Structures are given as C-alpha cells and as structure tokens.
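Trainee: Sending over structure34.pdb (PDB, N, CA and C atoms).
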```
ATOM      1  N   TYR A   1      -0.039 -10.283 -10.952
ATOM      2  CA  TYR A   1      -1.089 -10.358  -9.956
ATOM      3  C   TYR A   1      -0.939 -11.574  -9.063
ATOM      4  N   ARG A   2      -0.719 -12.734  -9.671
ATOM      5  CA  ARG A   2      -0.620 -13.960  -8.896
ATOM      6  C   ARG A   2       0.567 -13.877  -7.963
ATOM      7  N   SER A   3       1.620 -13.229  -8.441
ATOM      8  CA  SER A   3       2.774 -12.964  -7.611
ATOM      9  C   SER A   3       2.396 -11.988  -6.516
ATOM     10  N   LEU A   4       1.488 -11.078  -6.844
ATOM     11  CA  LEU A   4       1.130 -10.020  -5.920
ATOM     12  C   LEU A   4       0.291 -10.538  -4.768
ATOM     13  N   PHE A   5      -0.781 -11.248  -5.093
ATOM     14  CA  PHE A   5      -1.676 -11.750  -4.063
ATOM     15  C   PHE A   5      -1.027 -12.835  -3.231
ATOM     16  N   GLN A   6      -0.070 -13.537  -3.822
ATOM     17  CA  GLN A   6       0.691 -14.512  -3.067
ATOM     18  C   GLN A   6       1.450 -13.811  -1.959
ATOM     19  N   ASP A   7       1.900 -12.597  -2.250
ATOM     20  CA  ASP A   7       2.618 -11.804  -1.268
ATOM     21  C   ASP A   7       1.689 -11.415  -0.132
ATOM     22  N   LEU A   8       0.422 -11.215  -0.468
ATOM     23  CA  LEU A   8      -0.583 -10.891   0.528
ATOM     24  C   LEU A   8      -0.847 -12.082   1.433
ATOM     25  N   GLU A   9      -0.658 -13.277   0.887
ATOM     26  CA  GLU A   9      -0.864 -14.496   1.650
ATOM     27  C   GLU A   9       0.114 -14.644   2.796
ATOM     28  N   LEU A  10       1.305 -14.082   2.641
ATOM     29  CA  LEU A  10       2.300 -14.168   3.698
ATOM     30  C   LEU A  10       1.810 -13.439   4.939
ATOM     31  N   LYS A  11       1.084 -12.349   4.726
ATOM     32  CA  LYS A  11       0.424 -11.656   5.821
ATOM     33  C   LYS A  11      -0.961 -12.229   6.056
ATOM     34  N   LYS A  12      -1.371 -13.133   5.171
ATOM     35  CA  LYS A  12      -2.687 -13.756   5.237
ATOM     36  C   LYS A  12      -3.802 -12.722   5.258
ATOM     37  N   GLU A  13      -3.659 -11.678   4.449
ATOM     38  CA  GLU A  13      -4.619 -10.586   4.461
ATOM     39  C   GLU A  13      -6.010 -11.031   4.055
ATOM     40  N   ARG A  14      -6.987 -10.605   4.842
ATOM     41  CA  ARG A  14      -8.380 -10.917   4.589
ATOM     42  C   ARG A  14      -9.088  -9.671   4.110
ATOM     43  N   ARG A  15      -8.369  -8.558   4.158
ATOM     44  CA  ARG A  15      -8.986  -7.256   3.995
ATOM     45  C   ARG A  15      -8.121  -6.341   3.138
ATOM     46  N   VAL A  16      -8.686  -5.895   2.024
ATOM     47  CA  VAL A  16      -7.956  -5.061   1.088
ATOM     48  C   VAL A  16      -8.833  -3.950   0.567
ATOM     49  N   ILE A  17      -8.284  -2.749   0.491
ATOM     50  CA  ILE A  17      -8.983  -1.687  -0.199
ATOM     51  C   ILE A  17      -8.330  -1.418  -1.539
ATOM     52  N   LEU A  18      -9.071  -1.717  -2.596
ATOM     53  CA  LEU A  18      -8.666  -1.348  -3.936
ATOM     54  C   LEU A  18      -8.888   0.136  -4.134
ATOM     55  N   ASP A  19      -8.052   0.745  -4.961
ATOM     56  CA  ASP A  19      -8.253   2.127  -5.354
ATOM     57  C   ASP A  19      -7.798   2.285  -6.790
ATOM     58  N   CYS A  20      -8.684   1.960  -7.723
ATOM     59  CA  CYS A  20      -8.311   1.913  -9.128
ATOM     60  C   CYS A  20      -9.401   2.387 -10.074
ATOM     61  N   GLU A  21      -9.005   2.556 -11.330
ATOM     62  CA  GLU A  21      -9.885   2.995 -12.404
ATOM     63  C   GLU A  21     -10.865   1.910 -12.822
ATOM     64  N   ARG A  22     -11.972   2.342 -13.418
ATOM     65  CA  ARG A  22     -13.076   1.476 -13.807
ATOM     66  C   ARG A  22     -12.597   0.229 -14.534
ATOM     67  N   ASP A  23     -11.623   0.401 -15.417
ATOM     68  CA  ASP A  23     -11.069  -0.724 -16.153
ATOM     69  C   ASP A  23     -10.201  -1.594 -15.257
ATOM     70  N   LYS A  24      -9.324  -0.945 -14.501
ATOM     71  CA  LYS A  24      -8.428  -1.667 -13.618
ATOM     72  C   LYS A  24      -9.229  -2.406 -12.571
ATOM     73  N   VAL A  25     -10.357  -1.826 -12.182
ATOM     74  CA  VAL A  25     -11.229  -2.493 -11.240
ATOM     75  C   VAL A  25     -11.694  -3.802 -11.844
ATOM     76  N   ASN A  26     -12.018  -3.760 -13.127
ATOM     77  CA  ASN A  26     -12.517  -4.941 -13.796
ATOM     78  C   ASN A  26     -11.458  -6.015 -13.870
ATOM     79  N   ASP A  27     -10.263  -5.636 -14.306
ATOM     80  CA  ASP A  27      -9.213  -6.626 -14.473
ATOM     81  C   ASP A  27      -8.822  -7.232 -13.141
ATOM     82  N   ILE A  28      -8.798  -6.398 -12.111
ATOM     83  CA  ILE A  28      -8.420  -6.874 -10.795
ATOM     84  C   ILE A  28      -9.452  -7.845 -10.275
ATOM     85  N   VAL A  29     -10.721  -7.485 -10.412
ATOM     86  CA  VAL A  29     -11.777  -8.364  -9.952
ATOM     87  C   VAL A  29     -11.707  -9.681 -10.705
ATOM     88  N   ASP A  30     -11.359  -9.607 -11.983
ATOM     89  CA  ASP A  30     -11.287 -10.809 -12.795
ATOM     90  C   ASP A  30     -10.193 -11.728 -12.296
ATOM     91  N   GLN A  31      -9.031 -11.154 -12.023
ATOM     92  CA  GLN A  31      -7.935 -11.966 -11.534
ATOM     93  C   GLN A  31      -8.248 -12.536 -10.165
ATOM     94  N   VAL A  32      -8.994 -11.780  -9.368
ATOM     95  CA  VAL A  32      -9.401 -12.267  -8.063
ATOM     96  C   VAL A  32     -10.315 -13.459  -8.241
ATOM     97  N   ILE A  33     -11.103 -13.427  -9.308
ATOM     98  CA  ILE A  33     -11.975 -14.545  -9.600
ATOM     99  C   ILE A  33     -11.147 -15.755  -9.962
ATOM    100  N   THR A  34     -10.180 -15.548 -10.845
ATOM    101  CA  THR A  34      -9.378 -16.653 -11.334
ATOM    102  C   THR A  34      -8.575 -17.289 -10.208
ATOM    103  N   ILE A  35      -8.124 -16.475  -9.262
ATOM    104  CA  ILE A  35      -7.409 -17.014  -8.116
ATOM    105  C   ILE A  35      -8.384 -17.425  -7.027
ATOM    106  N   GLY A  36      -9.649 -17.063  -7.207
ATOM    107  CA  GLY A  36     -10.705 -17.546  -6.338
ATOM    108  C   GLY A  36     -10.803 -16.889  -4.974
ATOM    109  N   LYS A  37     -10.112 -15.771  -4.786
ATOM    110  CA  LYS A  37     -10.115 -15.111  -3.488
ATOM    111  C   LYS A  37     -11.308 -14.180  -3.323
ATOM    112  N   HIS A  38     -12.428 -14.567  -3.918
ATOM    113  CA  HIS A  38     -13.690 -13.878  -3.716
ATOM    114  C   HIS A  38     -14.598 -14.713  -2.828
ATOM    115  N   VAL A  39     -14.008 -15.724  -2.209
ATOM    116  CA  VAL A  39     -14.712 -16.577  -1.264
ATOM    117  C   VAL A  39     -14.973 -15.862   0.045
ATOM    118  N   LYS A  40     -15.949 -16.358   0.794
ATOM    119  CA  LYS A  40     -16.247 -15.813   2.108
ATOM    120  C   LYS A  40     -15.006 -15.877   2.987
ATOM    121  N   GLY A  41     -14.845 -14.875   3.842
ATOM    122  CA  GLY A  41     -13.661 -14.746   4.667
ATOM    123  C   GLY A  41     -12.738 -13.659   4.157
ATOM    124  N   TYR A  42     -12.936 -13.250   2.910
ATOM    125  CA  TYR A  42     -12.304 -12.038   2.403
ATOM    126  C   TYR A  42     -13.299 -10.890   2.340
ATOM    127  N   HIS A  43     -12.779  -9.683   2.168
ATOM    128  CA  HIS A  43     -13.622  -8.508   2.051
ATOM    129  C   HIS A  43     -12.925  -7.467   1.187
ATOM    130  N   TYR A  44     -13.700  -6.569   0.592
ATOM    131  CA  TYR A  44     -13.135  -5.567  -0.297
ATOM    132  C   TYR A  44     -13.814  -4.223  -0.146
ATOM    133  N   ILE A  45     -13.090  -3.172  -0.510
ATOM    134  CA  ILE A  45     -13.633  -1.824  -0.520
ATOM    135  C   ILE A  45     -13.164  -1.083  -1.761
ATOM    136  N   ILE A  46     -14.109  -0.716  -2.617
ATOM    137  CA  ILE A  46     -13.775  -0.099  -3.891
ATOM    138  C   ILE A  46     -13.863   1.418  -3.823
ATOM    139  N   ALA A  47     -12.708   2.065  -3.752
ATOM    140  CA  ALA A  47     -12.644   3.489  -3.460
ATOM    141  C   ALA A  47     -12.914   4.359  -4.677
ATOM    142  N   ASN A  48     -14.180   4.457  -5.059
ATOM    143  CA  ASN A  48     -14.598   5.370  -6.111
ATOM    144  C   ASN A  48     -16.110   5.511  -6.122
ATOM    145  N   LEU A  49     -16.611   6.444  -6.918
ATOM    146  CA  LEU A  49     -18.047   6.660  -7.008
ATOM    147  C   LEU A  49     -18.728   5.688  -7.964
ATOM    148  N   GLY A  50     -17.924   4.903  -8.673
ATOM    149  CA  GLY A  50     -18.428   4.032  -9.719
ATOM    150  C   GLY A  50     -18.750   2.626  -9.252
ATOM    151  N   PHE A  51     -18.956   2.471  -7.949
ATOM    152  CA  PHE A  51     -19.182   1.158  -7.362
ATOM    153  C   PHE A  51     -20.364   0.444  -8.000
ATOM    154  N   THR A  52     -21.482   1.142  -8.139
ATOM    155  CA  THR A  52     -22.607   0.590  -8.879
ATOM    156  C   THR A  52     -22.278   0.466 -10.360
ATOM    157  N   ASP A  53     -21.439   1.369 -10.856
ATOM    158  CA  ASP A  53     -21.077   1.364 -12.267
ATOM    159  C   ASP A  53     -20.286   0.119 -12.616
ATOM    160  N   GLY A  54     -19.554  -0.401 -11.638
ATOM    161  CA  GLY A  54     -18.728  -1.569 -11.864
ATOM    162  C   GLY A  54     -19.578  -2.798 -12.091
ATOM    163  N   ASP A  55     -19.054  -3.743 -12.858
ATOM    164  CA  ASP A  55     -19.780  -4.972 -13.127
ATOM    165  C   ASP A  55     -19.495  -5.995 -12.038
ATOM    166  N   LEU A  56     -20.189  -5.854 -10.917
ATOM    167  CA  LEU A  56     -19.930  -6.674  -9.742
ATOM    168  C   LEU A  56     -20.650  -8.013  -9.759
TER     169      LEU A  56
ATOM    170  N   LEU B   1      17.772   1.899   0.201
ATOM    171  CA  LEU B   1      17.231   0.618   0.615
ATOM    172  C   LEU B   1      18.363  -0.270   1.096
ATOM    173  N   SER B   2      19.514  -0.126   0.451
ATOM    174  CA  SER B   2      20.681  -0.905   0.816
ATOM    175  C   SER B   2      21.125  -0.539   2.218
ATOM    176  N   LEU B   3      21.106   0.756   2.500
ATOM    177  CA  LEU B   3      21.509   1.238   3.803
ATOM    178  C   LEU B   3      20.545   0.715   4.837
ATOM    179  N   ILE B   4      19.283   0.612   4.443
ATOM    180  CA  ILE B   4      18.279   0.093   5.345
ATOM    181  C   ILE B   4      18.605  -1.342   5.685
ATOM    182  N   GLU B   5      18.966  -2.097   4.657
ATOM    183  CA  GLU B   5      19.261  -3.503   4.839
ATOM    184  C   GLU B   5      20.487  -3.680   5.714
ATOM    185  N   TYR B   6      21.405  -2.725   5.640
ATOM    186  CA  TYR B   6      22.626  -2.817   6.423
ATOM    187  C   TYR B   6      22.370  -2.751   7.919
ATOM    188  N   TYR B   7      21.409  -1.934   8.319
ATOM    189  CA  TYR B   7      21.058  -1.831   9.723
ATOM    190  C   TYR B   7      20.058  -2.893  10.118
ATOM    191  N   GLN B   8      19.542  -3.592   9.114
ATOM    192  CA  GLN B   8      18.553  -4.639   9.324
ATOM    193  C   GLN B   8      17.394  -4.135  10.167
ATOM    194  N   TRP B   9      16.898  -2.956   9.825
ATOM    195  CA  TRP B   9      15.732  -2.400  10.492
ATOM    196  C   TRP B   9      14.426  -3.057  10.082
ATOM    197  N   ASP B  10      13.452  -2.979  10.977
ATOM    198  CA  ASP B  10      12.134  -3.531  10.733
ATOM    199  C   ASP B  10      11.045  -2.482  10.930
ATOM    200  N   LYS B  11      11.274  -1.563  11.862
ATOM    201  CA  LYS B  11      10.314  -0.501  12.138
ATOM    202  C   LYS B  11      10.962   0.859  12.029
ATOM    203  N   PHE B  12      10.297   1.788  11.353
ATOM    204  CA  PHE B  12      10.789   3.156  11.310
ATOM    205  C   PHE B  12       9.771   4.174  10.820
ATOM    206  N   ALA B  13       9.913   5.393  11.329
ATOM    207  CA  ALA B  13       9.199   6.544  10.807
ATOM    208  C   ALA B  13       9.860   7.045   9.530
ATOM    209  N   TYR B  14       9.066   7.676   8.676
ATOM    210  CA  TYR B  14       9.570   8.191   7.416
ATOM    211  C   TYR B  14       9.001   9.573   7.147
ATOM    212  N   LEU B  15       9.650  10.597   7.684
ATOM    213  CA  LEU B  15       9.205  11.953   7.409
ATOM    214  C   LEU B  15       9.557  12.354   5.989
ATOM    215  N   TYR B  16       8.678  13.111   5.342
ATOM    216  CA  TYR B  16       8.972  13.538   3.983
ATOM    217  C   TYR B  16       8.315  14.848   3.590
ATOM    218  N   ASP B  17       9.059  15.653   2.843
ATOM    219  CA  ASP B  17       8.481  16.732   2.064
ATOM    220  C   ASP B  17       7.885  16.138   0.800
ATOM    221  N   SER B  18       6.826  16.753   0.298
ATOM    222  CA  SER B  18       6.253  16.321  -0.962
ATOM    223  C   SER B  18       7.145  16.666  -2.153
ATOM    224  N   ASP B  19       7.978  17.690  -1.992
ATOM    225  CA  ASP B  19       8.575  18.385  -3.132
ATOM    226  C   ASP B  19       9.488  17.556  -4.022
ATOM    227  N   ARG B  20      10.267  16.654  -3.440
ATOM    228  CA  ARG B  20      11.181  15.864  -4.253
ATOM    229  C   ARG B  20      10.463  14.682  -4.866
ATOM    230  N   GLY B  21       9.194  14.531  -4.519
ATOM    231  CA  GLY B  21       8.390  13.464  -5.070
ATOM    232  C   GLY B  21       8.246  12.308  -4.112
ATOM    233  N   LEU B  22       7.248  11.479  -4.368
ATOM    234  CA  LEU B  22       6.894  10.416  -3.450
ATOM    235  C   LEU B  22       7.492   9.095  -3.903
ATOM    236  N   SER B  23       8.364   9.153  -4.902
ATOM    237  CA  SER B  23       8.930   7.942  -5.479
ATOM    238  C   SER B  23       9.676   7.126  -4.439
ATOM    239  N   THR B  24      10.401   7.819  -3.573
ATOM    240  CA  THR B  24      11.125   7.147  -2.515
ATOM    241  C   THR B  24      10.146   6.494  -1.567
ATOM    242  N   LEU B  25       8.990   7.120  -1.398
ATOM    243  CA  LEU B  25       7.963   6.556  -0.544
ATOM    244  C   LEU B  25       7.407   5.274  -1.136
ATOM    245  N   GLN B  26       7.146   5.306  -2.436
ATOM    246  CA  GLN B  26       6.595   4.148  -3.115
ATOM    247  C   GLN B  26       7.592   3.011  -3.031
ATOM    248  N   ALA B  27       8.866   3.376  -3.094
ATOM    249  CA  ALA B  27       9.927   2.391  -3.069
ATOM    250  C   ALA B  27      10.061   1.765  -1.695
ATOM    251  N   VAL B  28      10.154   2.607  -0.675
ATOM    252  CA  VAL B  28      10.373   2.095   0.663
ATOM    253  C   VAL B  28       9.179   1.276   1.100
ATOM    254  N   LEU B  29       7.985   1.652   0.655
ATOM    255  CA  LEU B  29       6.818   0.835   0.946
ATOM    256  C   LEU B  29       6.887  -0.482   0.201
ATOM    257  N   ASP B  30       7.406  -0.427  -1.019
ATOM    258  CA  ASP B  30       7.482  -1.622  -1.834
ATOM    259  C   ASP B  30       8.367  -2.643  -1.148
ATOM    260  N   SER B  31       9.541  -2.203  -0.718
ATOM    261  CA  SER B  31      10.446  -3.085   0.000
ATOM    262  C   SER B  31       9.855  -3.462   1.347
ATOM    263  N   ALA B  32       9.036  -2.569   1.891
ATOM    264  CA  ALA B  32       8.423  -2.796   3.192
ATOM    265  C   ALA B  32       7.477  -3.971   3.166
ATOM    266  N   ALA B  33       6.808  -4.161   2.036
ATOM    267  CA  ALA B  33       5.864  -5.257   1.936
ATOM    268  C   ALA B  33       6.591  -6.589   2.040
ATOM    269  N   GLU B  34       7.609  -6.768   1.211
ATOM    270  CA  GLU B  34       8.331  -8.029   1.178
ATOM    271  C   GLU B  34       9.171  -8.268   2.420
ATOM    272  N   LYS B  35       9.599  -7.196   3.070
ATOM    273  CA  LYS B  35      10.513  -7.336   4.193
ATOM    274  C   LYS B  35       9.802  -7.260   5.532
ATOM    275  N   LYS B  36       8.474  -7.222   5.485
ATOM    276  CA  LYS B  36       7.649  -7.178   6.686
ATOM    277  C   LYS B  36       7.959  -5.952   7.539
ATOM    278  N   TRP B  37       8.363  -4.874   6.879
ATOM    279  CA  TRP B  37       8.649  -3.614   7.551
ATOM    280  C   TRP B  37       7.384  -2.921   8.006
ATOM    281  N   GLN B  38       7.500  -2.117   9.054
ATOM    282  CA  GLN B  38       6.359  -1.361   9.544
ATOM    283  C   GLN B  38       6.595   0.132   9.377
ATOM    284  N   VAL B  39       6.401   0.620   8.159
ATOM    285  CA  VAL B  39       6.624   2.024   7.846
ATOM    286  C   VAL B  39       5.657   2.944   8.581
ATOM    287  N   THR B  40       6.149   4.105   9.002
ATOM    288  CA  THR B  40       5.277   5.157   9.503
ATOM    289  C   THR B  40       5.625   6.474   8.811
ATOM    290  N   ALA B  41       5.237   6.583   7.546
ATOM    291  CA  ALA B  41       5.482   7.791   6.765
ATOM    292  C   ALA B  41       4.583   8.947   7.180
ATOM    293  N   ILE B  42       5.115  10.168   7.128
ATOM    294  CA  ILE B  42       4.316  11.364   7.414
ATOM    295  C   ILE B  42       4.731  12.555   6.544
ATOM    296  N   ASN B  43       3.741  13.278   6.029
ATOM    297  CA  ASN B  43       3.999  14.434   5.184
ATOM    298  C   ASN B  43       4.195  15.695   6.006
ATOM    299  N   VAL B  44       5.423  15.920   6.445
ATOM    300  CA  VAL B  44       5.754  17.101   7.224
ATOM    301  C   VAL B  44       5.686  18.386   6.397
ATOM    302  N   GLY B  45       5.825  18.261   5.082
ATOM    303  CA  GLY B  45       6.129  19.413   4.256
ATOM    304  C   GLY B  45       4.987  20.375   4.005
ATOM    305  N   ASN B  46       3.767  19.944   4.287
ATOM    306  CA  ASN B  46       2.609  20.791   4.047
ATOM    307  C   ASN B  46       2.364  21.786   5.171
ATOM    308  N   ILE B  47       3.096  21.628   6.268
ATOM    309  CA  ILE B  47       2.915  22.477   7.440
ATOM    310  C   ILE B  47       3.263  23.928   7.141
ATOM    311  N   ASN B  48       2.413  24.845   7.589
ATOM    312  CA  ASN B  48       2.670  26.267   7.416
ATOM    313  C   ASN B  48       3.872  26.730   8.227
ATOM    314  N   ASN B  49       4.654  27.627   7.641
ATOM    315  CA  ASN B  49       5.841  28.147   8.300
ATOM    316  C   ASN B  49       5.491  29.181   9.360
ATOM    317  N   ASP B  50       4.255  29.661   9.312
ATOM    318  CA  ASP B  50       3.803  30.705  10.219
ATOM    319  C   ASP B  50       3.807  30.223  11.661
ATOM    320  N   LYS B  51       3.574  28.930  11.842
ATOM    321  CA  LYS B  51       3.568  28.335  13.167
ATOM    322  C   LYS B  51       4.372  27.047  13.156
ATOM    323  N   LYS B  52       5.433  27.034  12.354
ATOM    324  CA  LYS B  52       6.256  25.839  12.212
ATOM    325  C   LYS B  52       7.007  25.553  13.510
ATOM    326  N   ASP B  53       6.247  25.133  14.512
ATOM    327  CA  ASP B  53       6.800  24.834  15.816
ATOM    328  C   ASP B  53       5.772  24.061  16.620
ATOM    329  N   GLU B  54       4.540  24.557  16.607
ATOM    330  CA  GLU B  54       3.454  23.927  17.338
ATOM    331  C   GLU B  54       3.163  22.530  16.811
ATOM    332  N   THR B  55       3.212  22.393  15.493
ATOM    333  CA  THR B  55       2.884  21.134  14.848
ATOM    334  C   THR B  55       3.873  20.048  15.216
TER     335      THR B  55
END
```
Represent the structure of the file as structure tokens.
Mentor:
Amino acid sequence: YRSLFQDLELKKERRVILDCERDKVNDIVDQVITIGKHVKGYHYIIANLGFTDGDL
Amino acid sequence: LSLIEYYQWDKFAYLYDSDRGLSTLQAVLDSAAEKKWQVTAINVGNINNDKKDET
C-alpha cells in the first residue's frame, strides 16, 4: 500500500475512487489513516451499497 | 510491454475483445501507471455483428 499510494503521489492525485469489498474497504481506509491521507484536500468515493455499512 | 518500451510510446488506444481475457488490459494499465502512459482502452468485442459497420 505504501508503495502504492506513493505512486499516486507522482501524479499528486487528490481524487480516488475505491471499488472494493467490505473488508478490503476497511483495510484500505486503515492504511489511508496510517499514511494520513485522510486530510482535507483529498476526496474519496466508495463504489458499493455498503457505504453506511462501512465503519467510516 | 517490451515492444511498447521499444517504441517508447506514451499515448495509445487499446482495442480489445473480451474473449481472451482482460489480463493484458490489467497489465498494460499497470505499466501505464508507472510509465505515465495515457491508455485509451475500448471493448470493441461486444458489438453486434448485425450492424458491425455503423459502430
């Protein structure tokens, strides 16, 4: 993941649409927390019906 | 991908049938991320043969 989001930094992406399973959503959000890219200036879109179901 | 690197391309269309699988698509996109490529993939293969001309 850290290798992955670093790659996003080269494009300096501020905008990402995740499309993953309830569990993968959790792990991804967690890693985003650890790398801290949940700060203002980023944005996300969770492509599933479980958006409320997720532990946001 | 090697052939791609040989021409040192940066932008290209990528027409594809679904039938052989999308693995090549996943691959070319994968290399596209690191190489700053601008892929334009399109699924030509779903088109009906009844009017395979207009599309």
Trainee: Could you pull out the strand (DSSP E or B) residues of chain A, going by DSSP on the backbone, and write them as a PyMOL selection string?
Mentor: chain A and resi 15-18+40+42-46
Trainee: Carefully work through the PyMOL selection byres (((chain B and resi 35 and name CA) around 12) and name CA) for this structure and note down the residues it includes, as a count of residues only.
Mentor: 21
Trainee: Could you work out how far atom CA of residue A:43 lies from atom CA of residue A:14, giving the answer in Å with one decimal?
Mentor: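 These atoms are spaced 6.3 Å apart.
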Trainee: Can you pull out every residue within 8 Å of stretch 24-32 of chain A, counting only N, CA and C atoms, but drop anything in the same chain fewer than 6 positions away, and send it as a PyMOL selection string?
Mentor: chain A and resi 1-2+18+38-39+54-55
Trainee: Figure out the distance between atom N of residue A:40 and atom N of residue A:6, please, to one decimal in Å.
Mentor: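 Between atom N of residue A:6 and atom N of residue A:40 the gap is 16.8 Å.
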Trainee: How far is it from atom C of residue A:12 to atom N of residue A:42, in Å with one decimal?
Mentor: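 So the answer is 9.4 Å.
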Trainee: Run the PyMOL selection byres ((chain B and resi 17) around 6) mentally over the shown coordinates, then write out the matched residues as a list in words, using the chain letters and numbers from the document.
Mentor: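 That expression, the PyMOL selection byres ((chain B and resi 17) around 6), corresponds here to residues 15, 16, 18, 19, 20, 21, 43, 44 and 45 of chain B.
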Trainee: May I have all residues of chain B that DSSP, computed from the backbone, assigns to alpha helix (DSSP H), given as a ChimeraX atom specification?
Mentor: /B:2-7,23-34
Trainee: Let me see the file: selected residues, N, CA and C atoms, as a compact mmCIF listing (two decimals), keeping the file's coordinate frame.
Mentor:
```
# COMPACT_ATOMS: atom_id res chain seq x y z
N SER B 2 19.51 -0.13 0.45
CA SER B 2 20.68 -0.90 0.82
C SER B 2 21.12 -0.54 2.22
N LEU B 3 21.11 0.76 2.50
CA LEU B 3 21.51 1.24 3.80
C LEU B 3 20.54 0.72 4.84
N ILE B 4 19.28 0.61 4.44
CA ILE B 4 18.28 0.09 5.34
C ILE B 4 18.60 -1.34 5.68
N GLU B 5 18.97 -2.10 4.66
CA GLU B 5 19.26 -3.50 4.84
C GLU B 5 20.49 -3.68 5.71
N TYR B 6 21.40 -2.72 5.64
CA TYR B 6 22.63 -2.82 6.42
C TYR B 6 22.37 -2.75 7.92
N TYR B 7 21.41 -1.93 8.32
CA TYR B 7 21.06 -1.83 9.72
C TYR B 7 20.06 -2.89 10.12
N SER B 23 8.36 9.15 -4.90
CA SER B 23 8.93 7.94 -5.48
C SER B 23 9.68 7.13 -4.44
N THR B 24 10.40 7.82 -3.57
CA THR B 24 11.12 7.15 -2.52
C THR B 24 10.15 6.49 -1.57
N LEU B 25 8.99 7.12 -1.40
CA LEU B 25 7.96 6.56 -0.54
C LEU B 25 7.41 5.27 -1.14
N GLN B 26 7.15 5.31 -2.44
CA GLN B 26 6.60 4.15 -3.12
C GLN B 26 7.59 3.01 -3.03
N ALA B 27 8.87 3.38 -3.09
CA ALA B 27 9.93 2.39 -3.07
C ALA B 27 10.06 1.76 -1.70
N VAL B 28 10.15 2.61 -0.68
CA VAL B 28 10.37 2.10 0.66
C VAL B 28 9.18 1.28 1.10
N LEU B 29 7.98 1.65 0.66
CA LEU B 29 6.82 0.84 0.95
C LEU B 29 6.89 -0.48 0.20
N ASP B 30 7.41 -0.43 -1.02
CA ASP B 30 7.48 -1.62 -1.83
C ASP B 30 8.37 -2.64 -1.15
N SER B 31 9.54 -2.20 -0.72
CA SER B 31 10.45 -3.08 0.00
C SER B 31 9.86 -3.46 1.35
N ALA B 32 9.04 -2.57 1.89
CA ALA B 32 8.42 -2.80 3.19
C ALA B 32 7.48 -3.97 3.17
N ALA B 33 6.81 -4.16 2.04
CA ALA B 33 5.86 -5.26 1.94
C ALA B 33 6.59 -6.59 2.04
N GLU B 34 7.61 -6.77 1.21
CA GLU B 34 8.33 -8.03 1.18
C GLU B 34 9.17 -8.27 2.42
```
Trainee: Which residues come within 5 Å of residue B:14, counting all atoms listed in the file, excluding same-chain residues fewer than 2 positions away, as a list in words?
Mentor: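 In the requested form, the answer reads residues 12, 16, 40, 41 and 42 of chain B.
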Trainee: Generate a file of the selected residues that holds N, CA and C atoms, formatted as a PDB file, in the frame of the given file.
Mentor:
```pdb
ATOM      1  N   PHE B  12      10.297   1.788  11.353  1.00  0.00           N
ATOM      2  CA  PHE B  12      10.789   3.156  11.310  1.00  0.00           C
ATOM      3  C   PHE B  12       9.771   4.174  10.820  1.00  0.00           C
ATOM      4  N   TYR B  16       8.678  13.111   5.342  1.00  0.00           N
ATOM      5  CA  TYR B  16       8.972  13.538   3.983  1.00  0.00           C
ATOM      6  C   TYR B  16       8.315  14.848   3.590  1.00  0.00           C
ATOM      7  N   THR B  40       6.149   4.105   9.002  1.00  0.00           N
ATOM      8  CA  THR B  40       5.277   5.157   9.503  1.00  0.00           C
ATOM      9  C   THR B  40       5.625   6.474   8.811  1.00  0.00           C
ATOM     10  N   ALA B  41       5.237   6.583   7.546  1.00  0.00           N
ATOM     11  CA  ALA B  41       5.482   7.791   6.765  1.00  0.00           C
ATOM     12  C   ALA B  41       4.583   8.947   7.180  1.00  0.00           C
ATOM     13  N   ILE B  42       5.115  10.168   7.128  1.00  0.00           N
ATOM     14  CA  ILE B  42       4.316  11.364   7.414  1.00  0.00           C
ATOM     15  C   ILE B  42       4.731  12.555   6.544  1.00  0.00           C
TER      16      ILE B  42
END
```
Trainee: Return as JSON the centre and edge lengths, in Å with one decimal, of the box along x, y and z that encloses every atom of stretch 5-23 of chain B in the file, padded by 5 Å per side.
Mentor:
```
{"center_x": 14.4, "center_y": 6.9, "center_z": 3.3, "size_x": 26.4, "size_y": 33.0, "size_z": 27.6}
```
Trainee: Could you expand the PyMOL selection byres ((chain A and resi 48) around 7) into the explicit residues it covers here, written as a ChimeraX atom specification?
Mentor: /A:18-20,45-47,49-51
